[PDB]
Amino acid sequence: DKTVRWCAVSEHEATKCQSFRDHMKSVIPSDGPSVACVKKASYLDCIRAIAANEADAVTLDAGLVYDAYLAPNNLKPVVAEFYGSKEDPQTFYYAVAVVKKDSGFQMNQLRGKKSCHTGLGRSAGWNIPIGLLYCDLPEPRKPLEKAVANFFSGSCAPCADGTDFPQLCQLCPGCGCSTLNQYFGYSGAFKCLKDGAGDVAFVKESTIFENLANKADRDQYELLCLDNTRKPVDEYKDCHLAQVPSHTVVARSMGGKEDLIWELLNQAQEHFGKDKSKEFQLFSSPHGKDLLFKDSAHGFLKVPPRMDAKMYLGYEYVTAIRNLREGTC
């Protein structure tokens, strides 16, 4: 019993959140957990809000989970999304590089091309691809934003500083850090490529399938494999950049309501999980893609007692992120 203040980032998420609140009210008893919606302009305002006791929960891509863990925020992962199916839940997904068929370039010929990123600091859209290309970048590689802006001939990296690094917002003026920016997130990064703004889109394995329903339309796209070859979009298991940890809901370390957060989400997935309700869907919405939780998610799993961001993410991934921030070739 009692309120979980969910942090909605911008308009579309705020609308889905208010719908969430309302449908949970209709099914959950007077003594069950309820939802309140707090709207912020970016995921960063959400991390700050939670730390400052203005909100309680927000789902973050694993790469952002690391930053949220850092002081002075010190937030921790409490609930994780899982993909695949309820039968064989996957707590990881694949980072892939989508390109158009016959565009004539491999992963080793990305210099000078235009790039579409989900957002600065995110797993598939930034950490993995930029980590792999790091030494191919021109010195000085610090700041990273400058070396990246100089490698490609223009990009859309939502949440990046357009003032200091304009080329990083060339494909999406302003580098908006929410769904208000049409080239934000997985589906936004894919639109950026489909529209012809960029040459490559750093997204996950399900993105193209979530956007193009016909196989004939998807046959016009390919994946860049690490062995400097290309494979069709269905062969991502044999052509991906890396496997990354699933998105996770984070909360305060003190007075964080993690029990209530789990109680709310567990009930939520039961009533509004995949194929559960005709009235409301937790993992989809007429208002946009990946709002509050990823559309590709099938449910939630509780994170073990007192697990910190570092242990949750793993040694490898945390090293990848570290090596990107300082990093020596």
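Numbers follow the displayed sequence, beginning with 1.
Novice: Would you determine, from the values in the PDB entry, which of 10 to 18 and 307 to 315 has the greater average C-alpha temperature factor?
Specialist: Result of the comparison: 307 to 315.
Novice: Looking at the entry, does 80 to 88 or 203 to 211 show the higher mean C-alpha B-factor?
Specialist: Looking at the recorded C-alpha B-factors, 80 to 88 comes out higher on average.
Novice: Say you rank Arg252, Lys231, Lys113, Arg122 by Cα B-factor from the PDB entry; which sits at the top?
Specialist: If I rank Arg252, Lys231, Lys113, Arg122 by C-alpha B-factor, first place goes to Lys231.
Novice: Per the entry's Cα B factor values, which of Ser103, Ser187, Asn181, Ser246 stands out as the maximum?
Specialist: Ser103 has the highest C-alpha B-factor of those listed.
Novice: Can you tell me which third, lowest, middle or highest, the CA B-factor of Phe272 falls into for its chain?
Specialist: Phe272: CA B-factor falls in the middle third of its chain.
Novice: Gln109: which third of its chain by C-alpha temperature factor?
Specialist: Its C-alpha B-factor, which the entry lists for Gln109, ranks in the highest third among residues of this chain.
Novice: Sort the modelled residues of this chain by their C-alpha B factor and say whether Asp61 lands in the lowest, middle or highest third.
Specialist: As the PDB entry reports it, the C-alpha B-factor of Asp61 lands in the lowest third of its chain.
Novice: Test of reading the entry: by CA B factor among the chain's modelled residues, which third contains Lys257?
Specialist: Ranked within chain, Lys257 CA B lands in the middle tercile.
Novice: Looking at the C-alpha B-factor of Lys278, is it in the lowest, middle or highest third of its chain?
Specialist: Within its chain, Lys278 is a highest-third residue by C-alpha B-factor, going by the deposited values.
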